[PDB]
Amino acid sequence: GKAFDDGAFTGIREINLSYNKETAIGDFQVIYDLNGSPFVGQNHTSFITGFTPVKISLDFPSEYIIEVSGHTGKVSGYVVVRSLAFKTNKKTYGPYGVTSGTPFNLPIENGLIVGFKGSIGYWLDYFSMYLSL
């Protein structure tokens, strides 16, 4: 897939992703906070279409992510991110995609997610998160 690295910011305002209930996560894009103003992250796009888009608009800064969870597993022979769910201090967004494969989950007891990096081909291949105080 095509690697991406958004880097780190001061918080998260919006997550725009797409998914397919037969395969995995496709597109991924984040509107970050940067010192009190939105910073529009680059669109990271799947090589293919047919995905269902979802817009996660957070009530920043009162609302913030406290857990990210999902599944990884093989689609067409490739290990990919098949589902994502974002839990905030207000509600749960998701799961989006296919909740099959190996689960993972990252609860944050103290701190914030302030950035994403990863790779997308047909689907989201992998991702990592920037954490800070």
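Sequential numbering from 1, following the sequence displayed.
Quick check: 103-111 versus 48-56, which has the larger average CA B-factor in the record?
Mean B over CA atoms: larger for 48-56.
So, looking at the entry's B-factor column for Cα atoms, which has the higher mean, 92-100 or 64-72?
Per the PDB entry, the higher value belongs to 92-100.
Which third, lowest, middle or highest, does the CA B-factor of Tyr32 fall in along this chain?
Lowest third - that is where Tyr32 ends up once the chain's C-alpha B-factors are sorted.
By the recorded C-alpha temperature factor, relative to the other modelled residues in its chain, which third is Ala24 in?
CA B-factor rank for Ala24: highest third.
Once the chain's modelled residues are ordered by C-alpha B factor and cut into thirds, is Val81 in the lowest, middle or highest one?
Its C-alpha B-factor, which the entry lists for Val81, ranks in the lowest third among residues of this chain.
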